[PDB]
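Trainee: Fold the following, please.
(one chain, ligands or ions: 7)
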Amino acid sequence: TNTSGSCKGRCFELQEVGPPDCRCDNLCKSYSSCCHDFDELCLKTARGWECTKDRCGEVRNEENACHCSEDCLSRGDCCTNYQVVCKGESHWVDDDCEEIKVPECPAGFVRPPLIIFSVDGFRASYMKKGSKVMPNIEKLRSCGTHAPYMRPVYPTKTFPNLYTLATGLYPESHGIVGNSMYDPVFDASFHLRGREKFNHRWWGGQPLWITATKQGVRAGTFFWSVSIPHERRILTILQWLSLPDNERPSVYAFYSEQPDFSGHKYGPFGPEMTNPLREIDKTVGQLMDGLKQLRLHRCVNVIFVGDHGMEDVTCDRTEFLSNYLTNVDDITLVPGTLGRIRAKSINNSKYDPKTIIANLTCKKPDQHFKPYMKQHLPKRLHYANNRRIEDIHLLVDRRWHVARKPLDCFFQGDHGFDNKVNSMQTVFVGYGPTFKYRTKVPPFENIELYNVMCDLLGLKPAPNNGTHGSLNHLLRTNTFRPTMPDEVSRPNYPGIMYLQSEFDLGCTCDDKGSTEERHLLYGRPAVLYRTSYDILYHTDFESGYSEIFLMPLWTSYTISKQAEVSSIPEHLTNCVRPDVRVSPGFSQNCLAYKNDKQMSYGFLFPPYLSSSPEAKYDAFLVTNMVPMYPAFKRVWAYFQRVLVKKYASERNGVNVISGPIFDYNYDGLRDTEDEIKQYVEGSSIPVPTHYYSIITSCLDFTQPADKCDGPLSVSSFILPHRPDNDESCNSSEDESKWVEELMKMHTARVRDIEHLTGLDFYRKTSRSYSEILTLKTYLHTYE
Ligand SMILES: *[C@@H]1O[C@H](CO)[C@@H](O[C@@H]2O[C@H](CO)[C@@H](O[C@@H]3O[C@H](CO[C@H]4O[C@H](CO[C@H]5O[C@H](CO)[C@@H](O)[C@H](O)[C@@H]5O[C@H]5O[C@H](CO)[C@@H](O)[C@H](O)[C@@H]5O)[C@@H](O)[C@H](O[C@H]5O[C@H](CO)[C@@H](O)[C@H](O)[C@@H]5O[C@H]5O[C@H](CO)[C@@H](O)[C@H](O)[C@@H]5O)[C@@H]4O)[C@@H](O)[C@H](O[C@H]4O[C@H](CO)[C@@H](O)[C@H](O)[C@@H]4O)[C@@H]3O)[C@H](O)[C@H]2NC(C)=O)[C@H](O)[C@H]1NC(C)=O
Ligand SMILES: O=C(CCN1CCc2nc(NC3Cc4ccccc4C3)ncc2C1)c1ccc2[nH]c(=O)oc2c1
Ligand SMILES: *[C@@H]1O[C@H](CO)[C@@H](O)[C@H](O)[C@H]1NC(C)=O
Ligand SMILES: [Cl-]
Ligand SMILES: [Zn+2]
Ligand SMILES: [Zn+2]
Ligand SMILES: [Zn+2]
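Mentor: Residues are numbered from 1 along each chain as shown. Ligands and ions are numbered 1, 2, ... in the order given. Shown next is the protein structure:
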């Protein structure tokens, strides 16, 4: 740690130097390792950041922050407005938009460089609301490629989101699950303020700068020390862009603490917010004028991106656990816009998580939070598979805070809430030679950007949570060619092979060709793991029956706009019929359900939607049967009897694909038969942790679902298979007052269902695979 070395000719060097030698890079301040003369040499401030008429053609002075001398361009250190003030040029923002059909790079450049310009707490609505005070940002947005909004990851905090942007991973996977964290294995705490965050043990996955370097692409610095002014960060980027071909980095990142810092104090739309926005825009202008005078403004790819949004949150809107709990001083709480509950460590043997959950469950009529055990949280949040995530979680309502007691105004804004909340949405703008011209694209999740950034730099992305090819429609060229995954298990197509007399399933029933075309509209789902399964055809539906799980992996059926809804006849209530195509040994039995005093059963294809009374008997086949708790049957029967027809009538028919999910380890991935921890009493019948449905129809609703030309439209859910309805505070009332609300909370992407089942959907369509990938990543928000 020898500080006696100098920074002379080493200011913001890109080669990192280890001990004893002192550092002259931007992170040297954060690690307290700079050479004695770092601030003096590298952080000059004299005469400001702008050229004036009088300074034009000046004699070079070492003391100045930036220069207005004739040699500054070749030295790559002019003030960004040099050519405008001195050489009579115009500001980039004043020029009309001209399409960049090919990169116009100076000789020597291997590829167009990438500049990631990141802004903290920049909410999606600032683009429209602040447009008049942001002309540079408006030019980038209007003449490049932009999304109306970009969805952040949960929690909608800085560190989990910036690290998701860099890696393409969910927080539960990269390890930065919050701004404040406690790892029980390390017995250490990660905080916004402190030296523990600098330890590399916390940061999982492979960020973009490591992906680049490992593939021989030079990466500039992503993390900047707070003491480095935004003008110096911009000039450092421009100076690095002026380096010789063999030293010049290809990927750069700028970061602005604003508008977040002001947002917390003044709220998202506080009158004080106009100045920070004008400032961010001025910084954009400086970068753009700086690139123009270096002849790079039609060669560099620029990404203007945010990490999260900002909501109106005051301390008057605070919910206290001391109003629900007796032992509030005997618990540790990560408070605010989310809640994570832990017991206090010493002499607290009476701590019961079940008592804390019960006392936080539907207690006040207007309660502004909901408790959950992390494995019961909506699957779309991907917030469970990490030891740094406490078992007790509190999902707090937008505009609300959670605190322990009145003991614990200053703030008018905050963020961290569910990532589907409007105020939490952020921005995406792509501008440059590889992005499209004057193009608007649909909203997407920030997990997807890492693959795009690799593509823009010709890199091979590390394994991540993005779906490579889903964002090809953003690019003019340098597109990745995606290929469908190969089917691992081929299906069996059984015929009639068994006699009714062979079946002693303890089941009783008073029961004395054009299917694939109508009910399987996008081909059969591909099974991407090793297993034994049968395709079963029926008049009203088709299924893929698992011999190992003794139930369908999937059930596919089309419900037209005009379909008639019938009831289950009184004499068929407890009817279960054997399927003469499937062996009694590969079949479920009624005796297991009679002997399970907590478990009942349901059907994947709804008997309520049968085409005829004759066809209705197929719905009662033992092979359409699935285990269901009585409480869950209330949810499932309402969905099947009421909601499927409602959707068919609203969407001009629907195609439904339903089935079970097994995720006992809550990792978001399909369980192997050895991971199943619950079976129907004294049986091989596994209990699903969740039930899914994929509801597809035509984007052009004037076309019926079964005769659709053009893009598709989808909505999906992953319902938790619970023995009670404590999640729904009005569950004592009629299902029409609570079931649909539950389902909206548990909305999912087709891609989320694919990970959990090992299935591959939409294999036989008239659409391009890139378009199908975009469809699979779609989340229906009801927001
Ligand atoms: C989102 O996308 C994710 C990424 O694809 C998915 O997560 C992956 O899930 C799988 C399955 O669960 C898991 O695979 C297992 O890996 C076990 C070994 O794990 C360690 O190594 C990997 C790989 O390390 C490489 O990459 C990193 C950079 O990412 C690099 O730093 C390493 O040096 C190493 O480099 C090599 O590869 C890179 C390219 O990636 C090259 O550039 C390089 O040259 C080298 O070739 C790590 O990623 C793991 O990291 C976890 O653990 C550390 C320490 O705890 C954390 O810091 C980190 O955040 C991460 O934690 C998360 O995952 C673990 C589980 O791994 C959770 O428990 C935790 O809660 C977090 O969520 C490890 O350090 C291996 O043992 C295992 O083997 C099993 O299967 C084989 C069959 O193949 C059997 O034979 C065995 O018996 C085992 O049963 C299996 O292969 C991945 O590790 C995991 N990756 C990550 C990043 O989490 C995720 O599922 C997906 N989400 C959804 C919902 O789809
Ligand atoms: O801790 C802080 C402020 C300190 N920041 C943290 C993030 C950071 N990122 C970068 N580089 C980016 C560029 C980039 C681009 C792509 C991918 C990764 C990255 C990394 N450089 C410096 C800093 C310093 C904080 C801020 C807001 C808060 N809001 C709140 O509620 O708490 C808050 C705490
Ligand atoms: C839960 O509520 C009951 C009744 O108000 C109370 O007796 C009990 O102490 C509470 N438990 C906790 C842990 O807050
Ligand atoms: Cl946090
Ligand atoms: Zn932030
Ligand atoms: Zn913040
Ligand atoms: Zn699993």
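Trainee: how far away is residue 578 from residue 536?
Mentor: Computed with CB to CB, to the nearest Å, the distance linking residue 578 and residue 536 is 13 Å. Every C-beta, even on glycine, is put in place using the N, C-alpha and C of the backbone.
Trainee: cool, and residue 728?
Mentor: For residue 728, the distance to residue 536 - CB to CB - is 34 Å.
Trainee: what do you get for residue 304?
Mentor: On the measure of CB to CB, residue 304 and residue 536 end up 52 Å apart.
Trainee: Could you do residue 4 as well?
Mentor: 79 Å.
Trainee: ok, these two, which is more surrounded?
Mentor: More neighbours surround residue 536 than the other of residue 4 and residue 536, with 23 against 8 (other CB atoms under 10 Å).
Trainee: Now do the contacts for residue 516.
Mentor: 537, 542 (CB atoms under 8 Å, 6 or more residues apart in numbering).
Trainee: just checking, it is part of a helix?
Mentor: Yes: per DSSP: H, G, I helix; E, B strand; the rest coil, residue 516 lies within a helix segment.
Trainee: I'd like to know how many residues surround residue 402.
Mentor: The burial count for residue 402: 23, using other CB under 10 Å.
Trainee: And for residue 498?
Mentor: Close neighbours of residue 498, defined as other CB under 10 Å, add up to 16.
Trainee: Looks to me like it is in a helix.
Mentor: No: secondary structure of residue 498 (three-state DSSP): coil, not part of a helix.
Trainee: Offset the numbering so it begins at 651, please.
Mentor: Done: numbering now begins at 651, and the last item shifts to residue 1148.
Trainee: That one contacts residue 1235, correct?
Mentor: No: at 10.1 Å, residue 1148 does not count as touching residue 1235 under the criterion of CB atoms under 8 Å.
Trainee: Need the three-state assignment for the residue in the stretch 1301-1433 of the chain positioned nearest to ligand 1.
Mentor: Using CB to the nearest ligand atom, residue 1318 is the residue of the stretch 1301-1433 of the chain that sits closest to ligand 1, at 3.2 Å. Assigned by three-state DSSP, the conformation of residue 1318 is coil.
Trainee: need the contact list for it.
Mentor: Neighbours of residue 1318 in contact, by CB under 8 Å, 6+ apart: 1029, 1032, 1034-1035, 1402, 1405-1406.
Trainee: among these, which are within reach of ligand 1?
Mentor: 1032, 1035, 1405 (CB under 6 Å from any ligand atom).
Trainee: what's the closest non-adjacent residue to the first one?
Mentor: The spatially closest residue to residue 1032, leaving aside those adjacent along the chain, is residue 820, at 4.2 Å (CB to CB, 6 or more residues apart in numbering).
Trainee: In contact with the one you found, which residues?
Mentor: 803, 814, 1032-1033, 1097, 1115.
Trainee: cutoff 7 Å now
Mentor: 803, 814, 1032, 1097, 1115 (CB atoms under 7 Å, 6 or more residues apart in numbering).
Trainee: Tell me the residue of the protein that sits nearest ligand 5?
Mentor: Distances between the chain and ligand 5 by CB to the ion are smallest at residue 808, namely 3.2 Å.
Trainee: That residue against residue 770, yeah?
Mentor: Yes: applying CB atoms under 7 Å as the test, residue 808 and residue 770 come out as touching, 6.2 Å apart.
Trainee: And the residue of the stretch 1101-1250 of the chain closest to ligand 1?
Mentor: Closest point on the stretch 1101-1250 of the chain to ligand 1, by CB to the nearest ligand atom, is residue 1113, at 3.4 Å.
Trainee: Close to ligand 1: what parts of the stretch 701-850 of the chain are there?
Mentor: Neighbours of ligand 1 within the stretch 701-850 of the chain, by CB under 6 Å from any ligand atom: 819-820, 822-825.
Trainee: what about the residue of the chain closest to ligand 5, neighbour count?
Mentor: The number of residues near residue 808, taken as other CB under 10 Å, comes to 20.
Trainee: Okay, helices next: where are they in the stretch 751-900 of the chain?
Mentor: For the stretch 751-900 of the chain, the helices defined by DSSP state H, counting those that start in this stretch cover 776-779, 785-793, 808-817, 821-824, 858-863, 880-890.
Trainee: Can you identify the element that follows the longest one toward the C-terminus?
Mentor: Which is helix 880-890. Moving toward the C-terminus from helix 880-890, the next helix or strand (DSSP states H and E) is strand 901-909.
Trainee: And that next one, what's buried?
Mentor: Across strand 901-909, burial judged by 16 or more other CB atoms under 10 Å covers 901-906, 908-909.
Trainee: what do you get for stretch 884-900?
Mentor: Under 16+ other CB under 10 Å, the buried positions of stretch 884-900 are 884-892, 898-900.
Trainee: Run a quick neighbour tally on the closest residue to ligand 1 within the chain.
Mentor: Residue of the chain nearest ligand 1, by CB to the nearest ligand atom: residue 854 (2.0 Å). Residue 854 sits with 17 neighbouring residues when counted by other CB under 10 Å.
Trainee: Likewise for residue 1284?
Mentor: 18.
Trainee: Just give the closest residue to the residue of the stretch 1101-1250 of the chain found nearest ligand 7, not the sequence neighbours.
Mentor: Residue nearest to ligand 7 within the stretch 1101-1250 of the chain: residue 1179 (12.2 Å; CB to the ion). Spatial nearest neighbour of residue 1179, chain neighbours left out: residue 1408 (4.4 Å); criterion: CB to CB, 6+ apart.
Trainee: My guess is that neighbour contacts residue 1320. True?
Mentor: Yes: Residue 1408 is within contact range of residue 1320, at 4.2 Å (criterion: CB under 7 Å).
Trainee: returning to that earlier point: if any of the ones next to ligand 1 among the contacts of residue 1318 are buried, give me the ChimeraX selection for them.
Mentor: Command for ChimeraX that selects the buried part of those, burial taken from 16+ other CB under 10 Å:
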select :1032,1035,1405
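Trainee: would you turn the ones next to ligand 1 among the contacts of residue 1318 into JSON lines with distance to residue 668?
Mentor: JSON lines is the format used below for the ones next to ligand 1 among the contacts of residue 1318 (distance: CB to CB, whole Å):
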{"residue": "1032", "distance to residue 668": "36"}
{"residue": "1035", "distance to residue 668": "35"}
{"residue": "1405", "distance to residue 668": "40"}
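Trainee: Nothing else from me, thank you.
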